Structure formats: structure tokens, C-alpha cells
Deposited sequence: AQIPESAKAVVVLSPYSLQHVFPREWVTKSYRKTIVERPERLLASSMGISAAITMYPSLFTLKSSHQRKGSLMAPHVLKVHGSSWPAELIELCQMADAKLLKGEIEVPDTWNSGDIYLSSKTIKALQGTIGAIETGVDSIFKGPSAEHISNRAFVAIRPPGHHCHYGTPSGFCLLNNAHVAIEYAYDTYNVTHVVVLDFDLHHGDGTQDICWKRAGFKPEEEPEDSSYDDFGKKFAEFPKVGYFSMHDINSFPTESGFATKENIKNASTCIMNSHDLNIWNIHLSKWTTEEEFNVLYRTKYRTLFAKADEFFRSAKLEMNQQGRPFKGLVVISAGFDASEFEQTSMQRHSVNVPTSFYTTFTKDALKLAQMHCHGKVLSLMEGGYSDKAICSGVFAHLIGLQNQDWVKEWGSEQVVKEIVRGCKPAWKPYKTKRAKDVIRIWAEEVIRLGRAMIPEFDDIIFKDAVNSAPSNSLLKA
């Protein structure tokens, strides 16, 4: 060829993730549309993937995890979540169907049944999602020949992870995908230091909660143990994780009017290199003009990369002063619900932001991680936000330039037509869009069983 395979970014498809679906068949079909975390999100993410590959056919490699599974008992789950939550999750799923045919809510009465659901199919879905995560990590670390190994991967998985706490699910998240990826990468490839860059509209309170666990502080779920000193702390183990988020402080999990002291505090935490914590949270600002947003980016949002840069410089020093091998990774919590295209707080981001942000993540990974970048899909709910966001994210993951018209309402509207389950075709923008739609709808054959029929 000309472009070598190692120079391409890997896109990991997760066919088992399609199986997790809202199950309560006795609700209004209008309430049913209120449920935004659904299998159709993967069809929209495939449209974004298709768009990137159509613009740049030589820059991406599609990889399906197919039937590869990870165990809910695997060490990269147990060491992230303990053994009590995984076993309770499996129990709930195994009793769900029986409850659900009696018109009963399938989750515990202490949970917000409106923001979390499960069924017996959820187990296979999560096992497959773990498989797809392992595939992503393997794609960028595995092999005898470092030169023949890709550096960047995007993993199109659901349900999302960043709201799942150490021992408690919430916000449609049953498992913290990012910390599972991190633990697998540490166990399998000796990755020692990871930064998580989270540009979802929502605070990743679950990802951050588990950062506190990794610092050695006792989780709220766990019964107090003599393992912890009088301050509820013990030794912080590898891998070391730094969490860097930009999000709307007036949205979930701290929606204006519906917010607790404790969640407001976590969503506002800024601390580096102290008490075994590395956590930085920044809040989205309103803007109107293109130049207003650029000022916000250059003066406010870009500082996430500065803090993450400090994290890696400090880590290299501690490792070399101690005679230990350093190995970094940049993880992106790629959520697209802050997009201008997300369904209707006026703090949004323009579609181009996803290209810009990802390009700056590339610079960070080149300087400290030998270019290793792992992006995992998080939130993002309308067809338009997911499709346009994945598209610009992938364009930036391969260090290409965004063209403003690529994210125009006209173009995104034509692509999204292909998400309707019974889409039939019908001028330049239409011809290109139907080329994108044909590939996107074919990309996972299971779309047909789960959606088109």
C-alpha cells in the first residue's frame, strides 16, 4: 500500500452492546421516547464512523469485537468495582424478566428507576462491551513489533460508564467503562499512568468517584475496615489516574434546582499532585459568536491539557527518581451531549470543537505516551449530536482539518435520515449522504435484528 496499517486509527464496533434495551413494555410510547440511552445510539455512531471513513478511506480500520466477552468477574472489573456490585448487578438482571412481566420495576426501590434500567439481556451486553474495550486496548498495545502497532482507537460502546460509581450505578451507567479499560491496560500492558479527558456535557461523577478509590480513600459503599487509617486513607496503588473534565455545572448530576452539596463539591474539585489525587473540573460558559467560543477554548477549556501535561511530567519524575518504568496512556471520555445538535442551558460546543479537542489530545499523547490514545464513547443522545460528534472526533483523531460545512445543518440532516429504521433513498450533498448511510447501516449486521425489523 502507501499508508501503513499502523498509521491508521482503529474503530472498534461492539455488536453485543446492542442488546441492552429499555424493557418496561407497559409504558406510554411517549414516555418510551423519553428514554434516551438506547441501542439506536450505535446506529447513529456508525453514521459518524461512516462519514469519517468516506472522507478519509485510507485513515481508519474497522474492527468488530464480534463475540469476544470479558467476565464481570475479571480482575479489571473486580479491582474497579469490588465484588459486591458485580454480583448484585448479575442478581438484578437474573430476576428482572420475572418482575417485568408482572408490571413491576426491575431495579431496587432506592434507585431512580427513571435514570437506570436493566434486563436479563444486560449481562451479555456488558460482557460484550468489556470485550470491545479489551479489543480497543489490545489494538494499540499488543504485538511483537512496536512499529507495526496502531496508536489510536475509538471504541463505540454502550451503555456509557462515566456515571457508574465504585459500587453504585446511575445515569444509565452500569459499569465504569474507562476505569475497566485502565485496569485492563495496567494488568495486560503495564500502563502505569492514565489521564482521562472527559468532554461529555455532564460531570463524570462515577469516573471521579473511582479516582478517589484509587487514591486509597474508602468508598462510601464499603463497610469501614481496619485497612484504612484514622483519616479513611490507605496506600495508593498503580495505575495512577488523573481525571480532567469540562462540563455544565448546572446540568445533571447537579442540575440547577435539583442538586446536592456533595455532588456540587465533586463537580467543582480542582487539585493536582496532592493526597494521591489528580482531579480537575472546569465549567462550560455561554457563548454566541464563533470568536466568543474560541476565546473560551483558548483561555478556559485548553487548560485541561496543561494540567494533564503537568500530571505526566510529575509522573515521569517520580518514576525515574524511583527506578520504575513509566508508561502513559491518554483516555478520552468521548461524550457528545454538549453538541450544538443535542436535543433541547445554552452552554453548548460547536461541532468543530470535537476536532480541535482531539487534536490537542494527540499533542499530549505524542509528548508523554508515545502517541497512545484510547477514546471510549460516553453520552450523546440525539442522532444529530452523535453522528456529527463522532465524525468530527474521528477527523481530529487522525489529525485532519474540520471543514465547517461538514457539520452544517444541511449535511447532518441528510445523514441522519439514514437512522430511520425503514429508511429508503430518494444533489451533491444527497449523493454523498446516501453513500454514508449505506455503509453506516451495513456496518453491524445486528442493526437489522435490533432496529430495522
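*Unmodelled ranges, which are counted on the deposited sequence from position 1 and given in order*: Sequence ranges with no C-alpha atoms are 345-348, 431-436, 464-477.
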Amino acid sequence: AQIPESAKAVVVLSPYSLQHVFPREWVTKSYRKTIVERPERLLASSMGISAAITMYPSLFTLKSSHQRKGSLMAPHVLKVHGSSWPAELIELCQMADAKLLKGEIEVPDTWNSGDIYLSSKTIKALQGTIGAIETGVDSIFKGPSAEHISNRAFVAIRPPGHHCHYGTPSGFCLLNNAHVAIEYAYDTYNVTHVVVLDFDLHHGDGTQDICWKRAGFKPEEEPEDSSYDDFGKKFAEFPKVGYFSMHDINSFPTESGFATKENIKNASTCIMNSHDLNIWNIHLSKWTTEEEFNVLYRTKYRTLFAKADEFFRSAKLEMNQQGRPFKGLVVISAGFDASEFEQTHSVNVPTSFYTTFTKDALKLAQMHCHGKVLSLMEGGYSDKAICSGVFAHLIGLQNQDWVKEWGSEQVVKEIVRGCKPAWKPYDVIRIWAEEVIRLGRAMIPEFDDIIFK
From here on, numbers count along this sequence of modelled residues.
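*Which is higher on average in the deposited entry, the C-alpha temperature factors of 115-123 or of 97-105?*
Comparing 115-123 with 97-105, the higher average CA B-factor belongs to 97-105.
*79-87 versus 269-277 - which carries the larger mean C-alpha B factor in the record*: Result of the comparison: 79-87.
*Looking at 205, 309, 147, 187, which has the highest CA B-factor as recorded?*
Most elevated C-alpha B-factor of the set, per the entry: 147.
_Out of 245, 227, 366, 263, residue topping the C-alpha B-factor column of the entry_ = Among 245, 227, 366, 263, the highest C-alpha B-factor in the entry belongs to 227.
*asked:* Quick check on the deposited entry: does the C-alpha B-factor of residue 287 sit in the lowest, middle or highest third of its chain?
replied: It belongs to the highest third of the chain when residues are ordered by C-alpha B-factor.
_B-factor third for the C-alpha atom of residue 45 within its chain_ = According to the entry, residue 45 has a C-alpha B-factor in the chain's middle third.
*According to the PDB entry, is the CA B factor of residue 347 in the bottom, middle or top third of its chain, that is, lowest, middle or highest?*
Highest third, going by the recorded CA B-factors of the chain.
*Using the B-factors in the PDB entry, rank residue 12's C-alpha atom against the chain and give the third, lowest, middle or highest.*
As the PDB entry reports it, the C-alpha B-factor of residue 12 lands in the lowest third of its chain.
*Please rank the C-alpha B-factors of the chain's modelled residues and tell me whether residue 391 sits in the lowest, middle or highest third.*
For residue 391, the deposited C-alpha B-factor lands in the lowest third.
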